[PDB]
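Q: Begin with these chain(s), straight out of the complex:
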Amino acid sequence: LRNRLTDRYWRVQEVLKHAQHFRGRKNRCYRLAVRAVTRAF
Amino acid sequence: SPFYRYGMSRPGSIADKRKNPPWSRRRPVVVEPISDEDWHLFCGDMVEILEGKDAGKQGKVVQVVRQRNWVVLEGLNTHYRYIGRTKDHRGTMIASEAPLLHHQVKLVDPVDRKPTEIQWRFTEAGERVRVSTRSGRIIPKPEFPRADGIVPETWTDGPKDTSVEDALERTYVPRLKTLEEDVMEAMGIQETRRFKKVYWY
Amino acid sequence: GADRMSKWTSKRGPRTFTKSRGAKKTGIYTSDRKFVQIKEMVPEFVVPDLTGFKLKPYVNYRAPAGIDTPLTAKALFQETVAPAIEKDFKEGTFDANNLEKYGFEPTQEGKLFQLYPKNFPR
Amino acid sequence: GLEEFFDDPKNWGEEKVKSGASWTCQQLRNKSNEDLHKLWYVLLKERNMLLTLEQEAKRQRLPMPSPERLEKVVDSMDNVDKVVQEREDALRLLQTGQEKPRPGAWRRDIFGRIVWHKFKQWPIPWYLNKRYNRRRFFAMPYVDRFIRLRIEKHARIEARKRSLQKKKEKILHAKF
Amino acid sequence: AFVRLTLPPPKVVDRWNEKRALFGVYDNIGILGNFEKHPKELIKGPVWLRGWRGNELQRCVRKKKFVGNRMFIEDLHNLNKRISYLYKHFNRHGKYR
Amino acid sequence: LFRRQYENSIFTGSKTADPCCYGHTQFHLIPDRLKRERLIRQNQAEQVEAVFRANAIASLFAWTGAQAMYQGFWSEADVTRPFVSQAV
C-alpha cells in the first residue's frame, strides 16, 4: 500500500455536518447521509 | 525465544514466568552490542552515577543484566513500593532500585574517589586487568558473595559430601585398558567364551 | 478421521498388530509357540563392593576444580607407551615387529571387549 | 534395602537439605577406572532417592526440598560418563584409528539426500539378507528436480537472513 | 475513518551527508573526460537494465535474456508466465488497433 | 486374577444323569512351571507348600460344591449333609 488516502476523515465530515439535523440513519451513515444532503441542496 | 524480554526478575522465577508467557509478542528492546572483552563493570564495583535523580552519588553494584546492558546499584536510583501487600494488610513500604545503563555510570578509582575511565590491559603474569585511562592503576576485581548463598570458607560438609583430601587423591594409573577390562580383573570375573562373527551392514 | 500426528504404538490398531516399546530381547521364540529365555542374553549388573569407599555423591565447595584438559591419544601415549620405548631405545632393544610388547593390539578379533566395532554396552 | 530410596529420616519434612558441589570432570579424571565404576553406583542410588523424592512432592502438592540436589547429581553423572567416554575414545584411536565406535557409511537415500548410515549387527552377510536388500540406497532421476528445489529453497532462506542482519545493523547505528 | 491520536516522531533529514552533498559528480565524465567512459557506465543496478529502458514486456524478456539461465525454478516459471500474459495483452487487447 | 464373561458351569466330571454322582479321590499333577526347583530359583521358597494347598482348596471346593448342587443344595437351601472328598 504505497499510497493510501489519509484525509478521508475530513471528506466524510463534509457531508455529515449538513446531515446532523436529519432524523434516522440519514443523519450519521455516510452512504445514506450523502443521498439526503444532495436532495436538501 | 526471540520475543523474550530480560527484566529485573531473574529468568525462570515465578515473576519472570508471569511477565514472559509463551504468547507475549512485545516490541524488541534495542541494546548496543558490547563484547565480553568490552564490558568492564562487575558486581561489587563502586561506581558513580553521571546523570539522573542521583547524579554524582557513588554506589556499589549488586546485579548485572548483561542482556539489557544493565547495572543495578544498591540503594540508588530508588523509587518506593509496598512489599508483602495482602487483602488484609497494606504491606511494608520499601525503596526499590531501578536499572542504570552502562553509559550512565563510571567506575571509581580506588585511592582517589573519582569516575576514572578505564582500559583493558594485560600484566606481567599475563592476567587481564582493568587499568585507568588516567592515573594508570590496577583496579582489582572485587569479591562478591556467591549467588546461591554458599560461603566456601564457612562451609562445613555433612554426610554425603566428600572430604577435600579424598576428592583430590590421585588413583588413576594410565594403562591401555578399558573400564570394562579393569573392573573384571579387579572384581575377579572370568569369561573364556568369545562372541561369534557378526556382520555389520 | 484418523489421527495422523500421534505415534503408532501397540495400544492402537487391532489385536493382530503388536510391536515392542524398545525393550531388548532376552530369548527366542522356538517352534511350537514356545519362548526360550537365554541366560547370556539377559544383562547382568556388575556391582562393586562399596564397603570402605570414601567417595560420596557431592564434593566440598572448598575443593579446587582443575584446569580442563580432555584426554587425547597423544596424552595417553606419552603416559603409557613413551617411557618403555624411550628406555628400550637407549638400551637399543627396540624393533618395529614387537610393538605388541609395549601394548599394541594388531587386531580386535579374539578380544572379549573389542574397541571397534564395539561389542559391549556402557 | 528399600530404605535407600528415601533420605535420612531426620531430613524428612525439612524445608532444605545442605549439599556440596557436583563433581567436575577434572576432579574425576584423577580417579581410576575402578573408582569411577564405584562412584557411578554411589551417584545412582542418590539419583533414585531424589527422583523418588521429586515424585512424592508432586503427589503431595508440596515443593520439593532442595531441588538443586537433583541437578547436581545429574551433572556429576554426565562428567563420569564423559571421562569414561574420553578414555575409551583415546584407546580406540591408538589401537584402531577409528573416530567412532560404531561402523557406518555415507549414503544417498531414495529422496536424494546424503545421510550417515549406522550399521547394524546381523548373523548373515549383506548379500544373503533379503530384508536388507529391499532397502534402497540410491535415488532415481526423478529426484534431481527436487534436489534443485531444496537448494533454491535453502538459498532463499539464507538470503533473507543476511538481508535482515544488514537491516538490523541500520537500526543499531541509527539508534546509536 | 480513524486518525492518529498522536504526532509521529519528527523526520530528521541530513541534507549534507556525503551521498546528498556529492550527488551528480562525474555525470559529465564523458564530455569533460575525453569520452573514455559514457555516463551510463556509472549507473548501478540490475545487470539487465543498466543504461537501458523499456516497457514491462521488454524488461521481462531482457531479464530472461541476461540471467534466465541462472534463475530459480519458481522464479523462471513465474517470469515465463508473465511474458505470455504481457504478450497477449499488448498484441491483442486495448482500445487502439 | 482377571475377569471374563462366558458360560457359567457347575460340573462334577459327568452330567446329572450319571448315577455316579459323588466323589472319592482326585489326583492332581503340579505343572513343571510350579515345581520345586524353579520356585527356589525364583526366590519364592515358601510357596512350595502354598502351591499344593491352593490346588487342593480350589479343586476340592469346586468338586464338593458341584456335588452338593447336584443334590439340590444351593446358597438359599444350604446343605443338610456335609459333603466330603479327598485329593492327592
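A: Received it, and whenever you're ready, just let me know what you need. Numbering: from 1, shown residues only, chains lettered A, B, ... in the order given.

Q: wait, residue D:37 sits on residue B:179?
A: Yes. Counting by Cβ atoms under 8 Å, residue D:37 touches residue B:179, with 6.2 Å between them. (C-beta placed from N, C-alpha, C; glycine too.)

Q: Would you agree residue D:50 falls within a helix?
A: Yes. Counting by DSSP: H, G, I helix; E, B strand; the rest coil, residue D:50 is part of a helix.

Q: what number of residues lie near residue D:41?
A: 15 (other Cβ atoms under 10 Å in any protein chain shown).

Q: Please report phi then psi for it.
A: When read as degrees, to the nearest 10, the backbone of residue D:41 gives phi -70, psi -30.

Q: Identify the residues contacting it.
A: C:47-48, C:50 (Cβ atoms under 8 Å, 6 or more residues apart in numbering or on different chains).

Q: who wins for neighbours among those?
A: residue C:48 (17 neighbours).

Q: you'd agree that one is up against residue B:187?
A: Yes. If you go by Cβ under 8 Å, residue C:48 and residue B:187 touch, sitting 6.6 Å apart.

Q: With distance to chain B as extra columns, can I get the contacts of residue D:41 in TSV?
A: As requested, the contacts of residue D:41 are exported to TSV (distance: Cβ to the nearest Cβ, whole Å):
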residue	distance to chain B
C:47	9
C:48	7
C:50	13
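
Q: Stretch C:9-27 near chain B anywhere?
A: No. Residues of stretch C:9-27 contacting chain B under Cβ under 8 Å from any Cβ of the partner chain: none, with a closest distance of 15.3 Å.

Q: and chain G on top of that:
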Amino acid sequence: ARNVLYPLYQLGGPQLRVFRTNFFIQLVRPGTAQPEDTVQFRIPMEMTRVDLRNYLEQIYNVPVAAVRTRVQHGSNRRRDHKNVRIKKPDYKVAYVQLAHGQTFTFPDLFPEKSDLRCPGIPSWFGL
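A: So that you can see how it sits with the rest, here is chain G on the chains above:
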C-alpha cells in the same frame, strides 16, 4: 542400559554384563490399595521385569519374589496457546512382591511438626 547397542548373541557367546547402569527408577506411592508385600515402581520404558529383579537384588540387596509391569498411556488431550496437543509421556509401572514375608509401607515424607470510632483519619495526627 538404554540408548546403547547390545552385542548380538550367538550360540556359545559370553554373558552380557552391563558395568555401569543407565536405568533410573523411582519408588512411588500406590494410587490404589496394595498388599503389604507389593511395592510400586516407575521404570524406564526399555526396562524388563527381569531387569528390575536383578536391578533391585544386586544394586539394593532386596530379595524379590515376583514382578509385574504395565505400560500407562499418557494423555494427549491438553492443548497449548497455539492449539497444539501437549503429550504427557507414556511410562511403565512395575509391581514388585517382596520375598521372605517382608513388608513395606510407603513412608510419610513431609511429616510436618484503625479505630471504629474515628474512621478514615490517620491516627498519626496528634492534634
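
Q: The neighbour count of residue D:41 again please, this time with chain G.
A: 19.

Q: how near is it to chain A?
A: Residue D:41 is 69 Å from chain A, where distance means Cβ to the nearest Cβ, to the nearest Å.

Q: How about residue B:76?
A: Residue B:76 sits 47 Å away from chain A, taking Cβ to the nearest Cβ as the criterion.

Q: Who are the contact partners of that residue?
A: With Cβ under 8 Å, 6+ apart, residue B:76 has these contacts: B:49, B:54, B:57, B:59, B:97.

Q: Select from these the one having the most neighbours.
A: Going by other Cβ under 10 Å, residue B:59 tops the contacts of residue B:76 with 23 neighbours.

Q: List the contacts of the helix or strand harbouring it.
A: Residue B:59 is part of strand B:58-65, with elements assigned from DSSP states H and E. Residues outside strand B:58-65 that contact it (Cβ under 8 Å, 6+ apart) are B:6-8, B:41-49, B:70-76, B:99, B:105, B:108, B:113.

Q: related to what we said a few turns ago, closest to chain G among the contacts of residue B:76?
A: The closest of those to chain G turns out to be residue B:97 (Cβ to the nearest Cβ; 27.6 Å).

Q: Settle this for me: that closest one is touching residue B:80, isn't it.
A: No. Assessed by Cβ under 8 Å, residue B:97 is found out of contact with residue B:80, at 11.1 Å.

Q: residues from chain A in reach of chain E?
A: A:8-9, A:12.

Q: how about those residues in TSV, adding neighbour count and secondary structure?
A: TSV is the format used below for the residues of chain A next to chain E (neighbours: other Cβ atoms under 10 Å in any protein chain shown; DSSP: H, G, I helix; E, B strand; the rest coil):
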residue	neighbour count	secondary structure
A:8	12	helix
A:9	11	helix
A:12	14	helix
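
Q: now the sequence for chain H, which goes on the structure above:
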Amino acid sequence: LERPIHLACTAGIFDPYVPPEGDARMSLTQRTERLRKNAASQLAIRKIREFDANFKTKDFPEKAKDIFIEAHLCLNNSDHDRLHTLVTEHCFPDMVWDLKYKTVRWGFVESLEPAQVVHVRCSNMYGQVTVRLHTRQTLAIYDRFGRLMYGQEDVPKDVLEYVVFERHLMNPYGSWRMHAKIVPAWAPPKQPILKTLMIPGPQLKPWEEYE
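A: Once chain H is put in with the chains from before, the structure reads:
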C-alpha cells in the same frame, strides 16, 4: 532472592521510651533523666558521635523541630517527593495512607515550650532519637467533595507529642528522618469525628440466636 532486599529504616522503636505520668505540665528534670540514663543512652550518643561526629544534643532539637514542621506542611501541598526525604519509609504510610482523596490544612502556631531530646538508642546500625514537642497546631480535613470531616477550620489547640527520629548511620547518604511517635497512655483522648457512627451488631443466620 538473589539480591538482598534493601531497608533504609527498621519498623518499630528499638526501646519504646515510657514518658513519665504528669510530664505534660509547666507549659531541668527530663534534662537530668537523659543524663541519668547516660549509661544506656550516652553510650548510644557516643556511638552516634563516631559515625557522625557532629551530633550535639544541644542543637538537635532545633533541627529536629524544623523537620517536624516542614514534613507536615508537605501534606497541604501533597508533595510526596519532598516528604519521602523528610520521613522514613516506616513513617510515610502512616501519615499519608488515609489522606488519599482528601485535603488537609495544617499550620503550626508558636511553640509553647522548648523542645528537648529525651531518649536515644542504637541497634547494619540505626540510631533513633526521641524528642518531646509541645506546640499549638491547627488541622482540618475535607472530603472528596470539600466537606469538613475533622478538626476546626482555624482554632489553635495545644499538642504534646513524643516523636522518634532515625538515621541510617552506615550509609553515606543517610539522614535524620521522622520515624514514629510514641503516645503516652495518660494522654487525653483526641477530638472525635464530626459525623455519627453506627457500629453493627453481630449478624445471625437463621440457625443462630442472639445472646
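
Q: Take the contacts of strand B:58-65 again, chain H included.
A: B:6-8, B:41-49, B:70-76, B:99, B:105, B:108, B:113, H:2-3, H:172.

Q: Also stretch G:102-119?
A: D:2, D:6, D:12-13, D:53, D:56-57, D:60, D:62, G:27, G:29-30, G:36-37, G:39, G:63, G:98, G:120-121, G:123, H:98, H:190, H:192-193, H:197, H:199.

Q: coming back round to it: please, a ChimeraX command that selects the buried ones among the contacts of strand B:58-65?
A: To isolate the buried subset of those in ChimeraX, counting by 16 or more other Cβ atoms under 10 Å in any protein chain shown, use the following:
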select /B:6,7,8,41,43,45,46,47,48,49,70,71,72,73,75,76,99,105,108
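
Q: quick one, what contacts the spatially most central residue of chain F?
A: With distances taken as Cα atoms, centre = their mean, residue F:59 lies nearest the centre of chain F, 1.0 Å away. Going by Cβ under 8 Å, 6+ apart, residue F:59 touches F:26, F:28, F:87.

Q: How many neighbouring residues does residue 21 have?
A: Assuming you mean chain A. Counted with other Cβ under 10 Å, residue A:21 comes out at 8.

Q: Not quite, go with chain B.
A: Using other Cβ under 10 Å, residue B:21 is surrounded by 9 other residues.

Q: Identify the residues contacting the closest residue to it other than its chain neighbours.
A: Nearest non-adjacent residue to residue B:21, counting by Cβ to Cβ, 6 or more residues apart in numbering or on different chains: residue G:81, 7.8 Å away. Contacts of residue G:81 were listed using Cβ under 8 Å, 6+ apart, and they are B:21-23.

Q: and these as a markdown table, adding distance to residue D:86 and secondary structure?
A: A markdown table is the format used below for the contacts of residue G:81 (distance: Cβ to Cβ, whole Å; DSSP: H, G, I helix; E, B strand; the rest coil):
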| residue | distance to residue D:86 | secondary structure |
| --- | --- | --- |
| B:21 | 42 | coil |
| B:22 | 38 | coil |
| B:23 | 43 | coil |
